[PDB]
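**Q** The structure that follows is given in the form of structure tokens.
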Amino acid sequence: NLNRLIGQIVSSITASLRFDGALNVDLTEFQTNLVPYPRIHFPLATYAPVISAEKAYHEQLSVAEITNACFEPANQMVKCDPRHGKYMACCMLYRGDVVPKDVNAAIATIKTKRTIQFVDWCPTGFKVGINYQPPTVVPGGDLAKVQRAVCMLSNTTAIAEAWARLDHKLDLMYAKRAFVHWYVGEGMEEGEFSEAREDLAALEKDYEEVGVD
Amino acid sequence: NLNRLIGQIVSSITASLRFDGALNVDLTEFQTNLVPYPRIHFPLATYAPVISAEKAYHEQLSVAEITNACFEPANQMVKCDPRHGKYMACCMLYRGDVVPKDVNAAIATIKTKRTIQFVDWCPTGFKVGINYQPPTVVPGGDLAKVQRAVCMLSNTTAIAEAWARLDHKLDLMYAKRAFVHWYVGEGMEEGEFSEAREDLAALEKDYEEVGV
Amino acid sequence: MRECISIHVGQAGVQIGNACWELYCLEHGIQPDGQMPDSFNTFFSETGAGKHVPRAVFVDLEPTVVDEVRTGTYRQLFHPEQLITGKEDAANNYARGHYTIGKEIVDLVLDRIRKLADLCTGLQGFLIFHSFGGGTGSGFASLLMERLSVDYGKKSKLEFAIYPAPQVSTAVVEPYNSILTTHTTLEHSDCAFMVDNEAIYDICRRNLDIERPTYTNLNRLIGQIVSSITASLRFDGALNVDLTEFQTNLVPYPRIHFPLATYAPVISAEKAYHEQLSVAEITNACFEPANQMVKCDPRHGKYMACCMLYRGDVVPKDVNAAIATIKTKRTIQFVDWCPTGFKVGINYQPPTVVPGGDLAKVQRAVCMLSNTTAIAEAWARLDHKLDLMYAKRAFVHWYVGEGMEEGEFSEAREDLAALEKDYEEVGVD
Amino acid sequence: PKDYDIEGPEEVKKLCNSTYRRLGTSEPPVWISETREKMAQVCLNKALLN
Amino acid sequence: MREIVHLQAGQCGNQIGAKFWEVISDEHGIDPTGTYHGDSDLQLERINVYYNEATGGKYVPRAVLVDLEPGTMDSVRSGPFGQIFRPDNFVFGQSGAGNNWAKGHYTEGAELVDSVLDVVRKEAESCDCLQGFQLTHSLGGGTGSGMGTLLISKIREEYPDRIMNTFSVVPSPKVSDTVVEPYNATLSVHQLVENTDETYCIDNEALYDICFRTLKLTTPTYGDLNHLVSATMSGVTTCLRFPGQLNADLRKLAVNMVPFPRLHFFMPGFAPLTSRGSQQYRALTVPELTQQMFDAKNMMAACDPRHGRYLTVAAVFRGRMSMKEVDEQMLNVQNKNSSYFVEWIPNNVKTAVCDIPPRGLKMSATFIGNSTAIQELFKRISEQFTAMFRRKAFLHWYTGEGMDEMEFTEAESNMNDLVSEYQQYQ
Amino acid sequence: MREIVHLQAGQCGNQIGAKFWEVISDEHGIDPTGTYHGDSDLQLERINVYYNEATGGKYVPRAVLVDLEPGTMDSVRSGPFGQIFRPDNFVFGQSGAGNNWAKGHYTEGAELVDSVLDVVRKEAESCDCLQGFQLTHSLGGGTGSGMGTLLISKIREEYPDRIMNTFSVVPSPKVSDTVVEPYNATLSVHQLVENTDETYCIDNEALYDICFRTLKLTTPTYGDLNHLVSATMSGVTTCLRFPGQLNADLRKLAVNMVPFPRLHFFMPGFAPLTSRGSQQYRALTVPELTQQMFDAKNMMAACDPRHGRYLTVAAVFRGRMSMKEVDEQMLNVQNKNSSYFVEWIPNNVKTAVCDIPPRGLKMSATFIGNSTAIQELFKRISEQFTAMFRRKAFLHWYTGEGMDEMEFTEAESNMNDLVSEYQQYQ
Ligand SMILES: Nc1nc2c(ncn2[C@@H]2O[C@H](COP(=O)(O)OP(=O)(O)OP(=O)(O)O)[C@@H](O)[C@H]2O)c(=O)[nH]1
Ligand SMILES: Nc1nc2c(ncn2[C@@H]2O[C@H](COP(=O)(O)OP(=O)(O)O)[C@@H](O)[C@H]2O)c(=O)[nH]1
Ligand SMILES: Nc1nc2c(ncn2[C@@H]2O[C@H](COP(=O)(O)OP(=O)(O)O)[C@@H](O)[C@H]2O)c(=O)[nH]1
Ligand SMILES: [Mg+2]
């Protein structure tokens with residue numbers, strides 16, 4: 001059931017290479033629009049119209065209703081709150097029966113929010129992709145047959161909390177040399193853990209330095 | 001087999017003196033390129049490309065990987081962690097058919113990484129030297145035929161923790177004057193070990209002083 | 001493949017082995033002829049026509065008891081040459097049967113035992129039956145121990161001995177025969193189960209409801225206990241024990257080898273079938289002072305090692321639950337350096353019934369061999385009676401006339417004073 | 001619903017056997033993994049004028 | 001696919017693994033005569049893990065049976081599954097050990113290992129790919145404690161990188177079946193710690209209380225306890241034989257349980273254990289396996305885990321079940337009673353899910369637990385050993401076989417180092 | 001066409017040859033009256049290797065039975081298969097050799113060798129193309145050793161190009177059943193090195209060890225050993241009578257296994273030897289055969305291959321197999337153990353495959369092997385001979401027949417140079 005949503009977002013990323021659309025998006029486009037530096041290449045993935053097969057037709061699933069669902073912290077597919085940091089780059093890939101004017105209106109609606117904060121050095125912020133092909137349903141699945149969808153690829157500095165937790169976890173584990181004797185004993189020396197801790201600390205304070213106003 | 005590659009390193013030391021090349025290194029040349037202080041002269045040797053006789057027909061190693069093989073911690077011939085000390089002076093003795101540009105490209109790629117830590121007062125850091133002769137192949141030797149070999153000799157701060165345990169090893173045996181009666185029995189002052197301990201503590205202090 | 005060779009010496013040995021081999025024929029399919037109309041290979045050899053020959057030697061110096069069995073019901077059961085007789089008995093004299101009568105018999109008995117042991121695949125040990133108070137069982141068996149230790153060595157030598165009773169006795173010079181027998185049984189026997197005739201009189205009067213018992217009523221109980229000891233050698237069980245198993249589980253030191261035997265259900269046909277008796281009944285019956293078969297009280301001494309052998313319909317969970325009551329009870333005291341205490345063995349086969357016997361047919365039983373400090377009191381009493389005789393030099397000229405020396409009694413008194421000191425020092429904190 | 005009684009009226013008793021030959025009687029009808037069950041679901045499934 | 005060798009030593013080894021092979025042949029659909037009668041194709045596919053295919057379509061188990069006495073050999077051949085074993089894997093002695101570790105390790109247990117080693121090498125040269133070895137034995141005997149430890153040492157010398165397992169029967173706290181049991185438990189544990197990768201301590205009174213408390217049996221047989229033991233023995237090789245959503249072999253379980261090389265003593269447990277008359281009324285749901293798999297009385301070692309701290313936890317799940325309420329319950333059992341889990345490792349529980357249950361159950365769960373409450377066993381063993389050693393009790397039966405007192409002192413000191421190291425995390 | 005003239009000598013020779021003819025008539029499908037009652041067609045294509053064509057579908061064997069007393073071949077004649085033998089082939093004598101090499105070689109054997117040579121010429125002119133001869137006898141006997149050595153030395157001269165084999169029964173290492181047999185064996189194997197180009201050594205105690213440990217037979221008679229002898233005796237000529245993917249004649253096994261003209265003593269073995277109770281448990285694959293061909297227990301001579309070096313090893317395979325699992329196994333033996341193979345011959349193994357298995361067996365294989373560990377048989381016979389010749393323990397039974405002491409001296413000398421030549425190549 002998790003792999004169904006993973007396949008749905010992966011298909012929605014690669015949908016523009018196969019089906020005609022008003023705004024084609026290549027695979028080499030994401031690296032040129034989502035990372036500002038090679039040290040920061042960890043964006044989040046979000047699928048907005050995730051809804052069951054029985055209550056997908058009592059709801060008006062317009063572009064405005066589906067775009068603002070991507071920015072809700074409870075609809076994200078990484079357990080980190082975007083209010084911890086601020087957004088650096090966003091990539092929206094719409095699908096199905098979607099007009100571009102309502103996409104423009106919905107994206108302009110997000111910019112008026114004060115609960116969603118962008119970094120200062122990215123005054124533009126957004127990337128728009130529109131494809132004609134609606135999401136195809138699978139037999140015996142969980143999602144319903146919806147006429148439009150969007151997937152969000154957003155790079156944020158709020159992921160630095162996750163790196164902080166992972167590094168605190170390693171420091172809590174490596175402080176008294178647990179499980180190391182089955183790492184060094186198979187083609188390794190002792191100093192690789194210090195290298196990884198080195199680079200991860202560099203990553204954390206790179207993340208702290210990027211979000212400086 | 002222990003001593004033959006040491007002989008190969010010392011032959012690469014004199015390689016710039018017996019034949020021609022591009023950048024020749026005199027014996028008095030590295031006499032100032034490596035030792036930075038009137039007291040700190042203990043460089044560390046490193047011979048990166050060494051493979052067996054069966055693993056030569058498949059892969060040929062270029063400059064950008066051999067230079068990276070010079071700076072990996074499982075090559076240098078003193079068992080000290082080199083990440084615990086900043087590099088101070090390096091010399092790379094390139095041999096064989098080496099063009100000079102990929103050496104500067106390798107130097108730049110070594111410069112940008114964070115594993116190889118340098119001191120602030122040595123922005124130059126490295127000294128390069130290129131010959132026109134590969135190493136010879138010896139009868140019954142274990143080494144393989146490498147067209148482009150590199151001998152690396154470099155000072156390091158990490159050698160401070162090498163003899164820092166030798167000092168404690170002398171301490172453990174000087175607490176009750178062990179084995180000194182074959183020493184002071186043959187015309188040595190029993191206090192002479194103290195005026196080597198204070199000298200070694202001075203050496204540790206100078207290594208710490210050039211650490212900051 | 002699990003054979004042991006039983007040796008019976010003297011009148012007590014033959015008259016105990018007769019009951020023992022009645023039980024062995026009865027609980028196997030073996031008729032007194034020997035025909036049967038890991039089970040039977042251990043105690044019975046095979047003749048290809050279908051006959052079974054027991055692996056036993058019957059030794060005595062007078063001919064009466066052993067030549068009686070050649071003219072009885074079991075005449076065809078035993079091999080003719082495996083019954084050894086002599087002309088003159090030892091006449092209640094250790095010196096005669098150890099020096100001048102046992103000298104010219106042992107070269108035949110050792111030859112017969114070696115001929116028995118060459119037909120065996122894997123030998124487990126020897127069972128020796130004799131009596132301390134006699135002249136045959138005290139002298140000739142004792143010499144046989146070293147004579148077979150020399151050429152066999154590390155094999156097990158279990159001892160079944162009729163210890164002299166404290167109050168009753170059937171002779172005058174029995175302190176002498178009981179005292180110098182222990183010179184060789186201490187350095188040669190691995191373990192010596194002791195049973196007192198007075199205590200079996202008390203059991204046959206008390207537990208079973210008969211007065212005036214004969215010797216066969218005693219040999220029946222002794223044979224039941226003996227078959228319960230070697231039950232695991234022949235019959236399959238959940239927890240099999242060996243002849244070598246209780247030689248390492250009952251003796252902590254090589255000089256103290258004297259456990260006490262006890263059979264729990266001793267009940268007649270009139271009384272057995274009005275009550276249940278499964279595990280806690282018989283296990284609680286084994287550890288009582290009344291059912292002890294040597295007239296010394298374990299309440300006096302300290303328990304050192306107990307070996308509990310279960311037989312019949314028995315589940316190990318109830319065995320543990322019954323050992324719970326024993327371990328929790330404060331009137332039963334173990335020595336401080338044996339926190340473990342017990343060795344258990346569970347057998348499938350129920351005890352067999354004996355037509356002409358006195359024990360009832362019950363589904364299950366337990367036999368206990370427990371090494372205790374409390375036998376040191378019997379040693380002290382018997383040594384008292386010996387040096388009561390020896391100071392006046394009563395009944396000494398017969399011993400010194402039959403190839404002994406006067407000082408051999410001094411060595412024996414010294415050795416058993418040392419043994420009493422050993423029993424004292426073992427039981428101290 | 002035992003499969004061996006050792007407290008029964010029978011005489012020869014074997015102690016190494018089990019009272020129950022398996023634990024429980026709730027076996028599923030057909031054994032199938034999650035992946036092959038959930039990947040077999042693809043084999044399961046005018047006007048008056050034209 | 002990778003195949004596993006089974007070693008059996010003495011009465012414990014022979015009986016426990018006889019029940020083990022019976023229940024494996026039940027689960028893999030093999031009859032007493034060795035022929036396949038099962039229906040599912042998953043039953044036959046990974047049968048190379050435990051069985052070798054013979055001609056004619058029948059399968060022989062990969063087991064070696066040893067003992068110093070020939071009685072238990074004919075006892076195990078006459079069982080219901082005695083005809084399934086290969087006759088050449090019956091390697092027996094002519095005279096026993098008699099509860100003596102010394103003559104089971106040096107005197108009589110030494111000259112026969114030169115045939116068990118030949119049998120094991122012969123079977124393992126036809127081995128396609130050797131994962132590891134299994135061995136069930138007893139620490140309170142002369143065969144399993146002595147010859148078993150000798151076999152472990154002489155296999156670790158020959159095959160160094162393969163995983164060694166041991167399902168040992170530790171001595172009971174209250175009933176000692178042997179007076180000389182501490183003299184064998186100590187000298188076997190001292191050899192186990194330098195020669196095994198995984199060792200499971202199984203007690204007998206713990207099994208009695210588990211069977212009476214859960215199965216509601218007032219009088220179980222030995223076969224029932226062996227069934228309970230082998231249910232865990234089969235519960236750790238599920239992912240090697242059946243498909244699963246989250247696989248874990250014995251090596252992967254060893255990696256995620258032992259933090260230090262000398263910490264490989266666990267206490268196992270089984271989750272679904274209910275009476276027949278209360279198993280049609282109970283709905284076997286995912287929370288109800290966790291609720292009693294982690295109960296303090298669902299342990300086959302006689303140590304209370306609430307008196308210690310859980311270093312690492314392994315939970316191997318069998319059957320059709322979702323992955324949300326597995327992880328949710330494993331998180332909930334850690335977040336509430338955090339006083340029983342060490343805090344210098346964040347996750348204590350390792351989760352593996354297999355998709356095929358044991359026969360008769362819909363879903364199941366096997367437990368392996370690393371606890372610092374296992375020092376309550378060796379403290380008692382060392383206490384009894386030092387009470388029995390200062391008096392030279394039964395020592396002449398050991399020193400006369402080729403021993404010395406210094407071996408006893410160096411074994412007791414090793415176990416005291418073990419108990420001193422365990423107390424550092426509590 | 002390549003046909004073989006069979007020869008006999010002595011009581012051992014007749015008793016082995018009876019079972020050999022029985023099993024080869026079973027293999028070719030001949031009922032004991034002589035006619036053909038088979039089911040296939042390949043059993044009649046090459047029947048002229050061992051049989052002549054009489055009148056009316058009756059086949060007579062190509063054998064001659066030789067003895068110096070008539071009491072031994074009467075038991076052959078009145079046996080089960082004694083009627084197929086032609087009565088003119090029976091050559092008997094009045095007085096026996098009396099366990100005397102001198103009497104069987106110089107006095108009694110030389111008065112009978114003209115008749116046997118006449119029968120051999122009678123038999124060998126029916127050959128359109130004769131390949132060679134074959135003899136079975138024993139060296140510890142009188143007429144076996146002496147008469148066979150005289151026959152070999154006489155028919156080598158007149159038939160120089162042909163291949164002559166001997167399935168001799170070399171004497172006992174442990175318990176000899178002839179006291180004088182050192183002398184007979186010493187005078188016999190000194191004959192055998194100069195005339196036979198192929199010789200197989202059969203040890204009765206090796207056969208005893210096989211039928212006890214491997215075949216699990218309690219009371220084996222001499223027929224139960226002659227079956228084993230003829231199983232590997234008939235497995236050599238299997239490529240002359242049946243097709244195959246890779247053939248091996250007698251000359252192909254003589255060229256590839258005799259590097260020097262003296263070292264032609266091989267030790268045979270038969271691969272699929274299973275007990276009746278363990279036959280079902282064992283799969284039949286080429287690894288299962290090649291594990292047992294190279295095993296030391298399977299060897300039919302009482303010398304251990306761990307005491308020497310395999311000079312050259314032959315392996316003739318029978319049945320429908322794949323040339324994978326024989327080629328990789330012959331590589332695997334050379335690569336696995338290497339101290340037991342001489343380094344100056346890189347490829348030490350000869351391989352052949354015939355596709356018609358023996359009757360009742362899916363697959364079979366025979367071993368033929370030249371090893372320098374055979375010198376410990378010659379050293380033992382030499383020391384037992386010089387312990388008797390030094391003070392002439394039985395020399396009066398030999399000197400009265402016209403033999404001198406220098407015959408024994410030169411027989412001992414030819415033993416010593418053979419032992420030295422086996423040693424210098426190890
Ligand atoms: N329980 C029991 N004790 C016996 C039996 N026969 C003899 N005894 C004991 O043996 C003692 C008598 O000495 P014996 O053992 O008979 O002496 P012996 O074996 O005949 O040797 P000699 O007297 O020299 O002929 C008595 O005190 C009895 O306690 C018996 O059948 N049952
Ligand atoms: N749970 C269980 N315990 C057993 C079994 N068989 C034996 N035991 C235990 O093992 C101990 C005795 O083992 P032992 O006979 O000394 O093994 P040995 O070394 O071969 O002699 C006793 O405490 C028994 O409780 C069995 O099948 N199941
Ligand atoms: N291996 C084996 N040896 C046999 C057989 N028959 C006889 N022998 C051996 O032949 C030897 C005696 O042969 P013998 O009768 O003296 O031969 P002959 O007198 O020359 O005819 C003895 O050592 C026996 O071991 C047999 O069937 N198999
Ligand atoms: Mg008498």
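Quick note on naming: the chains in the structure tokens go A, B, ... in the order shown, residues restart at 1 in each chain, and ligands are numbered from 1 in order of appearance.
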What does the Cα RMSD come to when chain E is optimally superposed on chain F over every C-alpha atom in order?
**A** 0.6 Å
**Q** Quick one: pick out all alpha helix (DSSP H) residues within segment 82-305 of chain C from a backbone DSSP run and write them as a PyMOL selection string.
**A** chain C and resi 94-95+106-117+141-152+174-188+197-206+215-229+231-234+280-286
**Q** Enumerate as JSON, numbers by chain the residues within 9 Å of ligand 3, counting only C-alpha atoms and all ligand atoms.
**A** {"F": [9, 10, 11, 12, 13, 14, 15, 16, 67, 68, 69, 72, 96, 97, 98, 99, 100, 101, 104, 137, 138, 139, 140, 141, 142, 143, 144, 145, 146, 147, 148, 169, 170, 171, 172, 176, 177, 178, 181, 202, 203, 204, 205, 206, 207, 208, 221, 222, 223, 224, 225, 226, 227, 229]}
**Q** Any chance you could tabulate, as CSV, the residues of chain D at most 12 Å from ligand 2 with each one's nearest atom pair and distance in Å to one decimal, using only C-alpha atoms and all ligand atoms, in chain and rising number order?
**A**
residue,atom,partner,partner_atom_place_in_ligand_line,distance
D:15,CA,ligand 2,27 (O),9.0
D:16,CA,ligand 2,27 (O),6.8
D:17,CA,ligand 2,27 (O),9.6
D:18,CA,ligand 2,27 (O),10.7
**Q** Grab the residues selected above and save them as a PDB file, in the first residue's frame with C-alpha atoms.
**A**
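Wrote it out as out37.pdb, contents follow:
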ATOM      1  CA  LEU D  15       7.458 -40.296  27.039  1.00  0.00           C
ATOM      2  CA  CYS D  16       9.255 -38.688  24.084  1.00  0.00           C
ATOM      3  CA  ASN D  17       6.035 -38.086  22.130  1.00  0.00           C
ATOM      4  CA  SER D  18       4.038 -34.861  22.136  1.00  0.00           C
TER       5      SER D  18
END
**Q** Return as a ChimeraX atom specification the full set of residues in segment 20-162 of chain A whose backbone-based DSSP assignment is strand (DSSP E or B).
**A** /A:23,43-47,87-96,118,128-130,148-156
**Q** Okay, now the selection with N, CA, C and O atoms, as a compact mmCIF listing (two decimals), in the first residue's frame?
**A**
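Writing done, so here's part_5.txt:
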# COMPACT_ATOMS: atom_id res chain seq x y z
N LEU A 23 3.24 22.16 -20.26
CA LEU A 23 4.56 22.55 -19.74
C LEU A 23 5.35 21.27 -19.50
O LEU A 23 5.25 20.66 -18.43
N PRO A 43 15.36 17.21 -1.17
CA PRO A 43 13.99 17.72 -1.13
C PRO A 43 13.01 16.66 -0.65
O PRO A 43 13.33 15.48 -0.51
N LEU A 44 11.78 17.11 -0.42
CA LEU A 44 10.70 16.25 0.04
C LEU A 44 9.72 15.98 -1.09
O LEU A 44 9.63 16.74 -2.06
N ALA A 45 8.98 14.88 -0.95
CA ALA A 45 7.98 14.48 -1.93
C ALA A 45 6.61 14.46 -1.27
O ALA A 45 6.46 14.00 -0.14
N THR A 46 5.61 14.98 -1.98
CA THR A 46 4.26 15.08 -1.45
C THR A 46 3.26 14.85 -2.57
O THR A 46 3.36 15.47 -3.63
N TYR A 47 2.29 13.96 -2.33
CA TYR A 47 1.18 13.72 -3.24
C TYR A 47 -0.09 14.26 -2.58
O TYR A 47 -0.44 13.83 -1.48
N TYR A 87 11.13 27.40 3.18
CA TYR A 87 11.24 26.78 1.86
C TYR A 87 12.32 27.46 1.03
O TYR A 87 12.47 28.68 1.06
N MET A 88 13.06 26.65 0.28
CA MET A 88 14.11 27.14 -0.60
C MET A 88 13.76 27.04 -2.07
O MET A 88 14.06 27.95 -2.84
N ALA A 89 13.14 25.94 -2.49
CA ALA A 89 12.70 25.76 -3.86
C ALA A 89 11.55 24.78 -3.88
O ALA A 89 11.53 23.82 -3.11
N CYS A 90 10.58 25.02 -4.77
CA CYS A 90 9.41 24.17 -4.90
C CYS A 90 9.21 23.81 -6.37
O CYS A 90 9.40 24.65 -7.25
N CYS A 91 8.84 22.56 -6.62
CA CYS A 91 8.56 22.07 -7.96
C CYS A 91 7.21 21.37 -7.94
O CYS A 91 7.05 20.33 -7.29
N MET A 92 6.24 21.94 -8.65
CA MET A 92 4.88 21.40 -8.72
C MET A 92 4.66 20.79 -10.10
O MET A 92 4.91 21.44 -11.12
N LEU A 93 4.18 19.55 -10.12
CA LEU A 93 3.89 18.83 -11.36
C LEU A 93 2.42 18.46 -11.36
O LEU A 93 2.02 17.44 -10.78
N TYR A 94 1.60 19.28 -12.02
CA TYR A 94 0.17 19.05 -12.08
C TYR A 94 -0.16 18.00 -13.13
O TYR A 94 0.67 17.61 -13.95
N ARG A 95 -1.41 17.54 -13.11
CA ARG A 95 -1.82 16.44 -13.97
C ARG A 95 -3.32 16.52 -14.22
O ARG A 95 -4.06 17.13 -13.44
N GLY A 96 -3.75 15.89 -15.31
CA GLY A 96 -5.16 15.72 -15.59
C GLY A 96 -5.88 16.92 -16.16
O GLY A 96 -5.31 17.69 -16.93
N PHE A 118 9.32 31.62 2.75
CA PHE A 118 10.39 31.35 1.82
C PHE A 118 11.66 32.05 2.27
O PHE A 118 11.62 33.03 3.02
N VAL A 128 6.56 25.16 -12.35
CA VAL A 128 5.24 24.70 -12.76
C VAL A 128 5.39 23.67 -13.87
O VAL A 128 6.09 23.91 -14.86
N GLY A 129 4.72 22.53 -13.71
CA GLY A 129 4.64 21.52 -14.75
C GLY A 129 3.23 20.98 -14.90
O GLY A 129 2.60 20.60 -13.91
N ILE A 130 2.72 20.96 -16.13
CA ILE A 130 1.33 20.59 -16.39
C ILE A 130 1.31 19.49 -17.44
O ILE A 130 1.88 19.65 -18.53
N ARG A 148 -7.72 15.01 -11.60
CA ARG A 148 -6.52 15.83 -11.57
C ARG A 148 -5.71 15.51 -10.32
O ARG A 148 -6.26 15.06 -9.31
N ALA A 149 -4.41 15.76 -10.40
CA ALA A 149 -3.49 15.48 -9.32
C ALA A 149 -2.28 16.39 -9.43
O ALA A 149 -2.04 17.01 -10.47
N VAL A 150 -1.53 16.48 -8.34
CA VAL A 150 -0.27 17.22 -8.32
C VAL A 150 0.68 16.52 -7.36
O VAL A 150 0.27 15.93 -6.37
N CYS A 151 1.97 16.54 -7.71
CA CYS A 151 3.02 16.05 -6.83
C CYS A 151 4.02 17.17 -6.58
O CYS A 151 4.39 17.91 -7.50
N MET A 152 4.44 17.29 -5.33
CA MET A 152 5.29 18.38 -4.88
C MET A 152 6.71 17.86 -4.64
O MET A 152 6.90 16.85 -3.96
N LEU A 153 7.68 18.56 -5.21
CA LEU A 153 9.10 18.31 -4.94
C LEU A 153 9.65 19.61 -4.36
O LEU A 153 10.01 20.52 -5.10
N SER A 154 9.71 19.69 -3.03
CA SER A 154 10.08 20.92 -2.34
C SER A 154 11.36 20.71 -1.55
O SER A 154 11.45 19.80 -0.73
N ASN A 155 12.35 21.57 -1.81
CA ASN A 155 13.61 21.56 -1.09
C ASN A 155 13.53 22.57 0.04
O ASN A 155 13.28 23.76 -0.21
N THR A 156 13.75 22.12 1.27
CA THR A 156 13.58 22.97 2.43
C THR A 156 14.73 22.77 3.40
O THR A 156 15.34 21.70 3.45
**Q** Identify all chain E residues at most 7 Å from chain C by counting only C-alpha atoms; ligands do not count. Present them as a PyMOL selection string.
**A** chain E and resi 71+75+94-95+98-99+175-180+219+221+384+387-388+393-394+397
**Q** Those residues you just picked out, can you put them in a file as a PDB file, in the first residue's frame with C-alpha atoms?
**A**
ATOM      1  CA  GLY E  71      21.162 -47.242  24.256  1.00  0.00           C
ATOM      2  CA  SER E  75      15.910 -45.497  21.497  1.00  0.00           C
ATOM      3  CA  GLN E  94      30.816 -48.234  23.411  1.00  0.00           C
ATOM      4  CA  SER E  95      31.129 -46.965  26.997  1.00  0.00           C
ATOM      5  CA  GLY E  98      28.969 -41.079  33.515  1.00  0.00           C
ATOM      6  CA  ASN E  99      28.331 -37.350  34.164  1.00  0.00           C
ATOM      7  CA  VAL E 175      16.128 -29.311  40.894  1.00  0.00           C
ATOM      8  CA  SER E 176      19.628 -30.378  39.964  1.00  0.00           C
ATOM      9  CA  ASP E 177      19.496 -33.674  38.088  1.00  0.00           C
ATOM     10  CA  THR E 178      23.191 -34.188  38.884  1.00  0.00           C
ATOM     11  CA  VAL E 179      25.222 -33.433  41.997  1.00  0.00           C
ATOM     12  CA  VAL E 180      28.277 -32.660  39.841  1.00  0.00           C
ATOM     13  CA  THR E 219       1.365 -33.304  33.400  1.00  0.00           C
ATOM     14  CA  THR E 221       5.744 -35.152  28.725  1.00  0.00           C
ATOM     15  CA  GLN E 384      27.590 -23.502  43.685  1.00  0.00           C
ATOM     16  CA  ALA E 387      30.938 -23.921  47.350  1.00  0.00           C
ATOM     17  CA  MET E 388      31.881 -27.291  45.840  1.00  0.00           C
ATOM     18  CA  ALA E 393      34.284 -32.392  46.243  1.00  0.00           C
ATOM     19  CA  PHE E 394      34.266 -34.983  43.426  1.00  0.00           C
ATOM     20  CA  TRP E 397      37.020 -38.015  39.329  1.00  0.00           C
TER      21      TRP E 397
END
**Q** Name the residues in contact with residue 379 of chain C at a cut-off of 12 Å, using only C-alpha atoms, excluding same-chain residues fewer than 5 positions from it; report them as JSON, numbers by chain.
**A** {"C": [163, 164, 165, 166, 175, 178, 179, 182, 256, 258, 295, 296, 373, 374, 384, 385, 386, 413, 415, 416, 417, 418, 419, 420, 421, 422, 423, 424]}
**Q** Considering only C-alpha atoms, extract the chain F residues located within 10 Å of chain E and return them as a list in words.
**A**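 Filtering chain F at 10 Å from chain E with only C-alpha atoms gives residues 214, 277, 278, 279, 280, 281, 282, 283, 284, 285, 287, 288 and 291 of chain F.
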**Q** Select residues of chain A: the criterion is any atom within 9 Å of an atom of chain B, counting only C-alpha atoms; output as a PyMOL selection string.
**A** chain A and resi 189+191+195+198-199
**Q** When distances are computed from only C-alpha atoms, which of E:1, E:258, E:152, E:356 shows the smallest separation from chain D?
**A**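 Distance minimum relative to chain D lands on E:356.
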**Q** Should the cut-off be 10 Å, what would the residue list for chain E against chain D look like, counting only C-alpha atoms, as an MDAnalysis selection string?
**A** chainID E and resid 15:16 18:19 22:23 26:27 39:43 75:76 79:80 215 217 219:228 231 242:245 272:277 279:280 284 319:322 354:363
**Q** List as number ranges by chain the protein and nucleic acid residues lying within 9 Å of ligand 4, with only C-alpha atoms and all ligand atoms counted.
**A** C: 10-12, 60-65, 89-92, 134-137
